[PDB]
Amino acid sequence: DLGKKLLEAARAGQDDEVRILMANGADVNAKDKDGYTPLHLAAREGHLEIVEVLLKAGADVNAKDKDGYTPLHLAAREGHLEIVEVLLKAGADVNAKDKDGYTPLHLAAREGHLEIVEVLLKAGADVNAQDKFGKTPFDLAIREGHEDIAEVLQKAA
């Protein structure tokens, strides 16, 4: 199964290998046991070239894993700025919620990725989105002391 191979190559950042598999018919929307697609894994790991290749192949940019995470959730959490931007351009739902109501903005704020927070805001991230605990990204920012993020978030309110 070429999908299972594309998943591993995407995670491993094996560009030539990803290239070969897709050039040879690999299912770009292959899912692993946890619902990750190659786009999730590449986005999480920071493999930009692979991300772009998958997107152009029409990979579902808003695919959800078993917990509702989109590739944008992962890139934003991990702090991969270039990947976040590429995902957004490809139509990523910037306000996608996971099973706990976490948006990419929540995750970026929680993690302290200011640059990503700003980029998410420009793409129309909802600063008022609440998670399962009724917390907004602003709340998460205060709860990690991310004051630069807290301020950016409050100005976008």
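Don't overthink the numbering: it's just position in the shown sequence, from 1.
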Of 136-144 vs 15-23, the stretch with the larger average CA B-factor in the entry is 15-23
Looking only at C-alpha temperature factors in the entry, 108-116 or 48-56, the higher average sits in 48-56
Of the three thirds of Cα B-factor ranks in this chain, residue 29 occupies the highest
Chain-relative C-alpha B factor for residue 88 (record values, thirds): the middle
Split the chain's modelled residues into thirds by Cα B-factor; residue 41 lands in the lowest
Quick tally, chain-level thirds of C-alpha B-factors: residue 7 sits in the middle
